[PDB]
Amino acid sequence: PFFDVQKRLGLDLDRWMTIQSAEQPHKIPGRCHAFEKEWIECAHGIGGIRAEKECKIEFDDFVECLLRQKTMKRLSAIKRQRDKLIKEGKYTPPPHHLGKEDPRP
Amino acid sequence: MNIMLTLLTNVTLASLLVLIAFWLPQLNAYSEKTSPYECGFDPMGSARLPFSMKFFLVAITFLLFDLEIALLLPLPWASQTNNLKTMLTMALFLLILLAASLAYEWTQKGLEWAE
Amino acid sequence: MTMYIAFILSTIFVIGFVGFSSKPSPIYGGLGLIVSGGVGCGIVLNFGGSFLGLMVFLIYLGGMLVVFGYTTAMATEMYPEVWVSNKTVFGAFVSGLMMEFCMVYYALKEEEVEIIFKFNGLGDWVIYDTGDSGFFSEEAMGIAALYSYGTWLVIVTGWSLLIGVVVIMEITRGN
Amino acid sequence: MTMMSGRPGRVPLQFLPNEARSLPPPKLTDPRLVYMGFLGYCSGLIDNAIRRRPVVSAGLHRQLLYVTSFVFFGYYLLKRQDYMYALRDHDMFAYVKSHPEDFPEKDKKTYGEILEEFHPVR
Amino acid sequence: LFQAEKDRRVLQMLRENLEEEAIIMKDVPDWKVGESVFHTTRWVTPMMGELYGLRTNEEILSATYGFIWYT
Amino acid sequence: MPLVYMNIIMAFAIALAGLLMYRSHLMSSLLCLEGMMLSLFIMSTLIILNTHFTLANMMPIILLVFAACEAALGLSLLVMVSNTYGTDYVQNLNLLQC
Amino acid sequence: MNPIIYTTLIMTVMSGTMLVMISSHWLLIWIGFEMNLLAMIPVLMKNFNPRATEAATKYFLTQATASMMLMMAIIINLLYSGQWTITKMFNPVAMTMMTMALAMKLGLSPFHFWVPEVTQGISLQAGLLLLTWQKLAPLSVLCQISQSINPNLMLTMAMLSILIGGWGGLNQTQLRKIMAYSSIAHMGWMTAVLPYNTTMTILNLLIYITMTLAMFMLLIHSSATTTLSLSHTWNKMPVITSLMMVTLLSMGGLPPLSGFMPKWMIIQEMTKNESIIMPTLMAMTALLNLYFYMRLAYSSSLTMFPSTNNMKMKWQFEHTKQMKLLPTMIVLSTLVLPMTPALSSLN
Amino acid sequence: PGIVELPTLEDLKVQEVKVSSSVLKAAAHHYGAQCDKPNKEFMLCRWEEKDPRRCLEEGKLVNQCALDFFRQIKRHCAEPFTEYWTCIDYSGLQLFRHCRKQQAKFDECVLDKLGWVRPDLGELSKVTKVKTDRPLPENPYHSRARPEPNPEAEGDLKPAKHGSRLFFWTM
Amino acid sequence: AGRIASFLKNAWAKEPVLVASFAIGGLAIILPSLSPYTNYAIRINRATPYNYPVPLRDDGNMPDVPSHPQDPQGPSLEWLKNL
Ligand SMILES: CCCCCCCCCCCCCCCCCC(=O)OC[C@H](COP(=O)([O-])OCC(O)COP(=O)([O-])OC[C@@H](COC(=O)CCCCCCCCCCCCCCCCC)OC(=O)CCCCCCCCCCCCCCCCC)OC(=O)CCCCCCCCCCCCCCCCC
Ligand SMILES: CCCCCCCCCCCCCCCCC[C@@H](O)O[C@H](CO[C@H](O)CCCCCCCCCCCCCCC)COP(=O)(O)OCC[N+](C)(C)C
Ligand SMILES: CCCCCCCCCCCCCCCCC[C@@H](O)O[C@H](CO[C@H](O)CCCCCCCCCCCCCCC)COP(=O)(O)OCC[N+](C)(C)C
Ligand SMILES: CCCCCCCCCCCCCCCCC[C@@H](O)O[C@H](CO[C@H](O)CCCCCCCCCCCCCCC)COP(=O)(O)OCC[N+](C)(C)C
Ligand SMILES: CCCCCCCC/C=C\CCCCCCCC(=O)O[C@H](COC(=O)CCCCCCC/C=C/CCCCCCCC)COP(=O)(O)OCCN
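Protein chains in written order, with the authors' numbering: chain h, 2 to 106; chain j, 1 to 115; chain m, 1 to 175; chain g, 1 to 122; chain W, 74 to 144; chain k, 1 to 98; chain i, 1 to 347; chain u, 2 to 172; chain U, 2 to 84.
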């Protein structure tokens, strides 16, 4: 199956494009460079089976950065509770959350 | 936003022109006037019969040659890179391969229409 | 939620996909695929990928032209079928539209998971970056990196195109 | 699942690592090598049979080349097989030594203290 | 200078959102105000949903599509 | 996953289903194949742009190439069968059985 | 077709397979698949007739659909994890779609329908290529993602492939359809043990390849594509029919021939994972393949069918073209069992 | 998994630099030549800590230095500076090439009023060094302890005991 | 020597367009390897500061690195202004 000619000859035919933390042009970073770098450093050299259980925290953080599902859930809960507090009318959101703010540089 | 307004305005003006064309004049339509035109005599067959294409192979080649323009279009940005040797070599290689494709299609009588 | 632009464009994309997936006469299928390509191109520009959308739109407009040219020759169908001219085509079109509307309603009002995960709406604007830097286009730089990083990709793609020309000429030879 | 493809320190396309030189090479009178030579001889006989030639004596150089090539390939094949089995045994013994709690040495009773049920045959 | 002002602006928007969230979620059963989502404690760039989530629509449209729609 | 990702996945599923049902014409199935290609391109572009994967921006363009190489193939085949039957109906492809 | 063009098309097919098996990037594997299919299509249409053209159209449609779901599975895996390396497929839905796409690419049941038609529609050399070389890339891809493969789906498809091949091969009088159904059954046998041991998969594939090469090369030697056409070979070259019958015995899995070695090695492996029912069913189902090999052996070698008068003229001419590797393929397809432990060199 | 430390709104207070983009662009070269030191400390802090909350004071000092720069410009000669930056502001792309005479007048005013020298081409893009007393952070990524790797392969190689041990084979 | 000359004359007499295109392509292929200004182009591309130059931390033994932009140390763009 996998004949690792690239590793044998050090050719690097397609290893420059496998991850987002690997030498982007003009040093442009990915949205989750730190998370991917941390997970890769955690999981390096310990095998897939061990990395699936021991680097689960870093992978969970990386997936959270990638898809932001829990952040969307938190924001949805915040906005739903805000709407429920506004419908009956005892919130009165602040003026700087309505467009009457004095902006800074 | 601005481009959407432009497209909406253009489409709306064209549709308004169509509406004025189809609602202003007095129309008197009958069967003979709306019949198909074939220079005065009734058509023999239907205009929805197969119509042979003698340039079908050129049409197929046009798809790949159109993909090659998509490949070659980022060249102005590519010319700004540090590895000018590799960039120039790869661009020339792609153009040479497309030229060889054209030459092979030319020599094998592929650019000639069917009879 | 805001201006519904991305949502409306995605909905029209799905509608065009249903329109050419009901399989009417290939003229109308090509029309639906063209409108879907344009709508997807607009979707892509709404995320910052102007070049990719134009390129996709540009590639598709011409592919369809070749497809129209071939339909007028080999798929003529003296009574061409439109979406309302046949019971099967209209049934497929209405089924696709109804299924799309039900999915949109289920994923919009509530948080329903269909195959992969669920969705609560909020507009696609939420997942953006806030990154504020650059005197260049990141998408343009990434695409242009094909001629410095993607030497292998250029080699294999050019070889594939040359082989494709040879292959189509071999196939259409006949005899 | 693959058991030895991801072994640490493995050269991708070596087919014979340097550590394999620590193992005794197969003897040239190995029965497996003789079987490979027999396979080459049978290949030569079949080749003679297909081409409508005298089966036993058509080509002696062709048969000799067949046998020689089969033996030559079989030598390195046996070397690699022996090296792989030695690697398997080495890894197994190392794992057993490194995990004493999972392979406990159990004091074994004599048959005088064990009670086996007797089932008469009648 | 632009970097410093951007840092201050982002921190101010986050702090304003936090001070509000301390008010809307006073009476929710088990809400931890300002609780992070990631396990790690290092800085994470805001999502633009966390900076403009509790603001008017026209600021949201600006911050999302202003550069794309400016022609 | 917002509504856009789900809509693009639904478009791909619709195109795949339309391909898997054949009515009469081979050209319509080729159109469905082109639709699958367009949906894949759009989804990959959206995913790559969202995460700011700079290099991966060249990935969709390559995805387009082997698109028409697949299209140019099918059209080619569609010619030859037509030259045998004067029509592109998939009914005529019944010389070989199971 | 021009010999230079044929050679470059063959080398393009093999280069696509090589790119599939040497790439660590999913996009490169997809590109290799596309190249292999693109260069494979004209090889099936080398001889032009309506039947060959129909086979190429069906093959193109099937492989294109499989490629589309392959690409979508890659995109889904990228969406749920920003990874392009070929690895254990963090998302289960993408894994399922990839399994389905590779199943259609290999021809596992119930995606088996196109295999007999494509095999019957093309020549013997194209059939040999399709049934031997085209299986390397999908199996190489599967051997890399076996840790994430759902055992239920893969084993269901393997059992279905074995059953369907054994049942389909029973009703065939055309040799190419028999070969296709045998290929389906052997694909099931390969994929049955893949989630447990990929070394057994590689060994099974190698043995199947050598037996299929011997079979197809013997069928090319005696220009027969039907049972009755092959029934005339005893009156022209008996040795070809004798070697053919020995090869058919080997393919059926009868000891001590080589075809017994892979099955024996697979069942044993499946018994180390407390899998007893599945190997028993597979072994019992292989008897159908054995039966429709024995029917061919009865027709061609163990009995003498009536011949024709003109055959006498063929007695005055020899097979001008020689295949050098045929005796080696026959020997490797029959007399290899005593060298079974050498499979340790495959891991 | 923890509450996020955010500074109070009083810690984010600073005297803002309220000049427009054109005004900043007109004096950009002299600003980078004169206020290079606090800017370089702030940038080094920003890139080393990777946290906007750990380098607020450096930003305040950057703002203060910019304020001193603009105050000196206002005090010594502001009329040529205004004539230059109005011209810079006119252009839609804010092109330096459109107004070289106003730039020349401003440069000649600052050369003899304050001794300022406009940097040459390529000097402002140089990579410079920073002397700082801020300790170098040890774990800016807040990394956890890395898992211990698989132990090793050690010892010599011996032939397999009783060969392959596969079924009846004795080798 | 002579066969190529007659072939080129015949090609110019019958297909001038192909002769011109092949000559232009050959020149475009060959000339860049024999030009001294390719290095200048590479250096100009290298001298464009797209992103911010992050300053280094002084460990006390960096003579080559400058401390202020107008110090003589560091790269110089003098060759670009005179080109
Ligand atoms: C786990 C370890 C084990 C590994 C196992 C691996 C797999 C095992 C085997 C797999 C199954 C084998 C199936 C192969 C069957 C081949 C199909 C076929 O051609 O027809 C069947 C063939 C047809 O029989 P026929 O009816 O007599 O032929 C009538 C004519 O074909 C009628 O046609 P014609 O009139 O047109 O005649 C033209 C004829 C005569 O040809 C000529 O006229 C010669 C003139 C040359 C023209 C120059 C053109 C070149 C310029 C173009 C450049 C293109 C570059 C492409 C690269 C692009 C890169 C992006 O050409 C041919 O017949 C075919 C040419 C074959 C050339 C093959 C070259 C190898 C390509 C390798 C590519 C890979 C490179 C690396 C890629 C890197 C990644 C990117 O029958 C046989 O050949 C007998 C079967 C023998 C097969 C081999 C047996 C097994 C292999 C044992 C060898 C050792 C293996 C292990 C090696 C490990 C490393 C040392
Ligand atoms: C240059 C681009 C921009 C142009 C900007 C101006 C837009 C132009 C307006 C759009 C097209 C107008 C065309 C001008 C001709 C009028 C056509 C139509 O409006 O009249 C009739 C439409 O009326 C219908 O007959 C029905 C009338 C009543 C039924 C429903 C109307 C309900 C509205 C309530 C009206 C009561 C008074 C309202 C006071 C505000 C159609 O009669 P028909 O013969 O077929 O068509 C041929 C018209 N002919 C006779 C002139 C040749
Ligand atoms: C060893 C096998 C030899 C025989 C087999 C041949 C089959 C393979 C096809 C050709 C193999 C050559 C490909 C080698 C990989 C290319 C990548 C590597 O060599 O470096 C590139 C070197 O490429 C150069 O341009 C020279 C090699 C290109 C050769 C031109 C194409 C010829 C291919 C012809 C065969 C292909 C099929 C047929 C097409 C006609 C660029 O590297 P570099 O720029 O330093 O640094 C990149 C990293 N950065 C961006 C961070 C700076
Ligand atoms: C019918 C029996 C099968 C016939 C086999 C074909 C006969 C010819 C032999 C093929 C010649 C090539 C072999 C050696 C050339 C170079 C080898 C090297 O380059 O490759 C090594 C690999 O070599 C192969 O593993 C060994 C091939 C030897 C084939 C013989 C074994 C057959 C099984 C037992 C049947 C008995 C056969 C007896 C012959 C008569 C690198 O290992 P690796 O890259 O890490 O493995 C890749 C796959 N992984 C990672 C998934 C594991
Ligand atoms: C080293 C650089 C190479 C790469 C750059 C190439 C750039 C791209 C240009 C080529 C594109 C494709 C070319 C396709 C080739 C056409 C083949 C062909 O068939 O041409 C024949 C004609 O035959 C030819 O091939 C043309 C003549 C030979 C080729 C042209 C000249 C070759 C090169 C000459 C220039 C050398 C360099 C300049 C030297 C200057 C003098 C010292 C066409 O005739 P018909 O259409 O059949 O006529 C039917 C009606 N009567």
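Ideal Cβ placement from N, Cα and C applies to all residues, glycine included.
For residue 67/i, the number of other beta carbons within 10 angstroms of its own is at least 16, and it is reported as buried. Contacts with chain j (Cβ-Cβ distance below 8 Å) from the region 9-27 of chain U involve 26, listed in chain order. Residue 44/u sits buried, since 16 or more C-beta atoms from the chains shown fall within 10 Å of its C-beta. At a threshold of 8 Å, residue 2/i counts as near ligand 1, since its beta carbon sits closer than that to one of the ligand's heavy atoms. Between the region 21-41 of chain g and the region 70-79 of chain g, the count of Cβ pairs shorter than 8 Å is three or higher; the stretches touch. The beta carbon of residue 170/u sits closer than 8 Å to the beta carbons of 164 from its chain, once the five residues preceding and following it are set aside; these are given in chain order. Residue 177/i is a Cβ neighbour of residue 120/i, given a cutoff of 9 Å.
Taking a 10 Å sphere around the C-beta of residue 331/i, we find 16 or more other C-beta atoms and assign the residue as buried. When the five nearest sequence neighbours on each side are left out, the beta carbons in the same chain lying within less than 7 Å of the beta carbon of residue 23/u are those of 86, 89, 90 and 95, in order along the chain. Checking the 8 Å criterion, the Cβ of residue 8/j is out of range of every heavy atom belonging to ligand 2. By the criterion of at least three beta-carbon pairs nearer than 8 Å, the region 41-59 of chain h is not in contact with the region 61-79 of chain i. Placement of the Cβ of residue 5/h at a distance of less than 8 Å from at least one heavy atom of ligand 4 is found. Inter-residue distance for residue 273/i and residue 263/i is about 16 Å (C-alpha atoms, whole angstroms). In the three-state reduction of the DSSP assignment, residue 7/u falls in the coil class. Among the CB atoms of chain g, one or more fall inside 9 Å of the CB of residue 152/u. Distances from the CA of residue 34/i to each of 88/k, 7/k, 94/k and 73/k were compared; the closest alpha carbon is that of 73/k. At a cut-off of 8 Å, the beta-carbon of residue 30/i does not count as near ligand 1: no heavy atom of the ligand is closer than that. Taking 7 Å as the Cβ-Cβ cut-off, the region 123-134 of chain m approaches chain h at 126, 127 and 129, given in chain order. Look at residue 308/i here: in three-state DSSP terms it is coil, with no helix or strand label. For residue 2/m, the chain W residues whose Cβ falls inside 7 Å of its Cβ are 130, 133 and 134, in order along the chain. A heavy atom of ligand 3 is found nearer than 8 Å to the CB of residue 148/m.
Taking a Cβ-Cβ threshold of 7 Å, the residues of chain m close to residue 45/k are 44, 49 and 52, in chain order. When the five nearest sequence neighbours on each side are left out, the beta carbons in the same chain lying within less than 8 Å of the beta carbon of residue 32/u are those of 25, 67 and 70, in order along the chain. Residue 99/u carries a helical assignment under DSSP once its states are collapsed to helix, strand and coil.
Neighbours of residue 27/h in chain m, taken as residues at a C-beta separation under 8 Å, are given in chain order as 136 and 141.
Contact between the region 231-243 of chain i and the region 310-318 of chain i is present: three or more C-beta pairs spanning the two stretches fall below 8 Å. With respect to the 9 Å criterion, residue 63/k and residue 37/k are classified as neighbours on the basis of their beta carbons.
Contact between residue 21/i and residue 185/i does not hold, since their C-beta atoms are separated by about 24 Å, which reaches or exceeds 8 Å.
Remark: the shortest separation between the CB of residue 155/m and any heavy atom of ligand 3 falls under 8 Å.
Taking the Cβ of residue 93/j as the reference point, at least one heavy atom of ligand 3 falls within a distance shorter than 8 Å. Residue 59/U has its Cβ no nearer than 8 Å to any heavy atom of ligand 3. For residue 26/m, none of the residues of chain j pass the 9 Å Cβ criterion, the least Cβ distance being about 13 Å.
Between residue 27/m and residue 36/m, the alpha-carbon positions lie close to 14 Å from each other. Between residue 162/i and residue 270/i, the gap from beta carbon to beta carbon reaches 9 Å or more.
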